[PDB]
Peer 1: 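Here's a structure for you.
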Amino acid sequence: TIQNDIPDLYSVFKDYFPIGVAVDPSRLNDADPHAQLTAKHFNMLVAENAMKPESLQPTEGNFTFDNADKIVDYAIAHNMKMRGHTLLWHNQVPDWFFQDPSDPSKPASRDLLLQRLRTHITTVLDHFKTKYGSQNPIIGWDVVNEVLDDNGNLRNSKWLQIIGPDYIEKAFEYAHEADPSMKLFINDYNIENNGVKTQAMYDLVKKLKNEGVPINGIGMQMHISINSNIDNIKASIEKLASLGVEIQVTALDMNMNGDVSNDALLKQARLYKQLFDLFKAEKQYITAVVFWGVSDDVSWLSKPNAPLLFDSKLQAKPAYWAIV
Ligand SMILES: O[C@@H]1[C@@H](O)[C@H](O[C@@H]2CO[C@@H](O[C@@H]3CO[C@H](O)[C@H](O)[C@H]3O)[C@H](O)[C@H]2O)OC[C@H]1O
């Protein structure tokens with residue numbers, strides 16, 4: 001049972017940016033405590049899995065939008081905005097995209113993979129626009145997800161192998177052409193550490209924007225840990241923001257490295273407070289902050305963990321109180 005009378009989390013940040021959460025379509029019923037926590041605390045929603053490539057086009061031409069639409073319907077019913085996650089990734093993407101259809105033992109050509117990418121992107125964006133029109137809550141999409149490797153080079157996924165380095169620019173071109181009203185993001189993890197990957201993201205976006213690629217923002221996943229350095233996060237935000245793009249914190253959670261003790265929860269509260277003070281200070285750049293999961297019991301991180309503001313019993317944790 002949730003605490004109904006404590007402050008609605010997103011309301012605390014009304015003068016800064018929307019506060020969202022990634023959800024599962026099976027946790028949206030009015031009688032479900034997870035759905036109650038969702039509607040109470042967040043004014044933005046993201047599909048944790050239902051809008052990924054495999055979740056939308058499992059086999060070629062066979063589009064499965066029911067779960068995604070259930071989430072969109074819920075966002076509309078609760079006056080929430082949404083982020084679309086994600087049009088291209090190297091995980092949760094079906095193998096058929098990369099296979100020659102006449103000989104599945106061989107790879108698709110650059111032109112065929114690009115055509116499939118264009119058809120996927122266009123169908124996905126046209127689906128939400130035609131079904132929901134002006135009521136479409138989605139304000140932007142993670143057009144590409146995790147395209148850098150941890151050394152800062154382009155990740156050598158099948159997209160890169162088959163097409164080459166311009167597959168990123170093409171994804172953005174296709175998305176922009178399908179729906180120019182959507183803000184287009186490049187999303188990634190570890191770019192908040194002010195290391196080689198942060199520099200590579202800055203370099204890549206600088207390059208693509210100078211070439212006219214329609215990138216509107218950079219999504220910083222923010223899968224931080226109890227040991228993360230706030231100074232590095234501030235420096236990363238400032239560096240990426242210098243490109244003149246929006247910054248969104250897209251998948252925030254805190255890895256406790258196995259320590260879920262009361263002492264650790266207090267340390268987590270101090271760190272989350274510092275993190276949100278930083279986000280508020282950078283409000284001129286940050287346009288959304290989204291948590292990757294509603295409560296600890298439904299977090300994607302393996303156990304034991306305590307990554308979010310609501311615990312495994314759906315109760316507000318010390319970090320929630322520290323922030324509000
Ligand atoms: O077995 C499969 C699971 O492994 C899968 O788990 C999801 C994996 O993707 C996570 O979201 C990513 C978290 O990291 C970054 O933020 C990415 O951008 C996200 O996409 C989900 O949280 C997990 O639920 O689910 C499907 C199942 O078949």
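Count residues from 1 along the sequence. All values below were derived from every heavy atom in this structure, side-chain atoms included, with hydrogens, water molecules and symmetry-related copies excluded.
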Peer 1: Running the 4.5 Å side-chain criterion over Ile, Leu, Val, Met, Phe, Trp and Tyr, what cluster does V46 land in, apart from itself?
Peer 2: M44, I139, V290, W292, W300, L301
Peer 1: Has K40 got a side-chain atom pairing as donor or acceptor with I6's backbone, closer than 3.5 angstrom?
Peer 2: yes
Peer 1: Compute whether any side-chain donor of one residue and acceptor of the other, for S261 and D259, lie under 3.5 angstrom apart.
Peer 2: yes
Peer 1: Is there a donor-acceptor pair closer than 3.5 Å between any side-chain N or O of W159 and the backbone N or O of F98?
Peer 2: no
Peer 1: Are the side chain of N305 and the backbone N or O of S302 linked by a donor-acceptor pair below 3.5 Å?
Peer 2: yes
Peer 1: Determine whether the side chains of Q115 and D111 contain a donor N or O and an acceptor N or O closer than 3.5 Å.
Peer 2: no
Peer 1: To the nearest 0.5 Å, tell me how far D100 CG sits from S105 OG.
Peer 2: 9.0 Å
Peer 1: Donor-acceptor pair, distance only, cut-off 3.5 Å: does the side chain of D8 make one with the backbone of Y10?
Peer 2: no
Peer 1: Would you say the ring centers of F279 and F13 fall short of 6.0 Å from each other?
Peer 2: no
Peer 1: Which value, rounded to the nearest 0.5 Å, describes the distance between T119 atom OG1 and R116 atom CZ?
Peer 2: 9.5 Å
Peer 1: Check step by step if side chain to side chain contact (heavy atoms under 4.5 Å, CB included) holds for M51 and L56.
Peer 2: CA-CA 6 Å; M51 287 182 193; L56 297 181; 4.3 Å; yes
Peer 1: Got a donor-acceptor contact below 3.5 angstrom from the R155 side chain to the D149 backbone?
Peer 2: no
Peer 1: Verify salt bridge (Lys or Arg N to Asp or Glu O under 4.0 Å) between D73 and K131, making sure each step is shown before the conclusion.
Peer 2: CA-CA 11 Å; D73 291 342; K131 176 163 176 173; 5.4 Å; no
Peer 1: Any chance you could lay out the side chain to side chain contact (heavy atoms under 4.5 Å, CB included) test for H223 and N255, step after step, and finish with the verdict?
Peer 2: CA-CA 7 Å; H223 291 294; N255 200 317; over 6 Å; no
Peer 1: Closer than 3.5 angstrom, by distance alone: can the side chain of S295 be matched with the main-chain N or O of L314 as a donor-acceptor pair?
Peer 2: no
Peer 1: Determine whether the aromatic ring centres of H78 and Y74 lie less than 6.0 Å apart.
Peer 2: yes
Peer 1: With distance as the sole criterion, is a donor-acceptor pair present between the side chains of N62 and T59 under 3.5 Å?
Peer 2: yes
Peer 1: Decide whether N145 and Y189 meet the rule of one side-chain donor and one side-chain acceptor closer than 3.5 Å.
Peer 2: no
Peer 1: For the pair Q36 (side chain) and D30 (backbone), establish whether a donor and an acceptor sit closer than 3.5 Å, ignoring hydrogens and angles.
Peer 2: yes
Peer 1: When you measure from the side chain of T287 to the backbone of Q248, do you find a donor-acceptor pair of N or O atoms at a distance under 3.5 Å?
Peer 2: no
Peer 1: Please determine whether side chain to side chain contact (heavy atoms under 4.5 Å, CB included) holds for the pair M254 and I224, giving the CA-CA distance in whole Å, both sets of side-chain angles, and the decisive distance to 0.1 Å.
Peer 2: CA-CA 5 Å; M254 186 183 293; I224 59 168; 4.0 Å; yes
Peer 1: Working note: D231 + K234, criterion salt bridge (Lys or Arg N to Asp or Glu O under 4.0 Å); need CA distance, chi angles, decisive distance, verdict.
Peer 2: CA-CA 5 Å; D231 298 329; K234 174 177 196 297; over 6 Å; no
Peer 1: Can you tell me if NZ on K183 sees more than 12 non-hydrogen neighbours from other groups inside 6.0 Å?
Peer 2: no
Peer 1: Would you find a donor on one side and an acceptor on the other, under 3.5 Å apart, between the side chain of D166 and the backbone of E169?
Peer 2: no
Peer 1: Using side chain to side chain contact (heavy atoms under 4.5 Å, CB included), reason through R118 and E177 one step at a time and then give a plain yes or no.
Peer 2: CA-CA 10 Å; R118 185 177 174 112; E177 286 180 3; 3.6 Å; yes
Peer 1: Should the ring pair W141 and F128 be called parallel, tilted or perpendicular, given that the plane angle runs from 0 to 90° and is split at 30 and 60?
Peer 2: tilted
Peer 1: If you count the non-hydrogen atoms of other residues, nucleotides and ligands that lie under 6.0 Å from NE2 in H127, is the total more than 12?
Peer 2: yes
Peer 1: Identify the heavy atoms of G152 and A200 that sit nearest to each other, and give their distance.
Peer 2: O-CB, 3.2 Å
Peer 1: Under 3.5 Å, is there a donor-acceptor pair between the side chain of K273 and the main chain of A322?
Peer 2: yes
Peer 1: Is the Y320 to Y272 ring centre distance short of 6.0 Å?
Peer 2: no
Peer 1: Report the hydrophobic cluster partners of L266, with the cluster defined as I, L, V, M, F, W, Y residues connected by side-chain heavy atoms closer than 4.5 angstrom, directly or transitively.
Peer 2: none
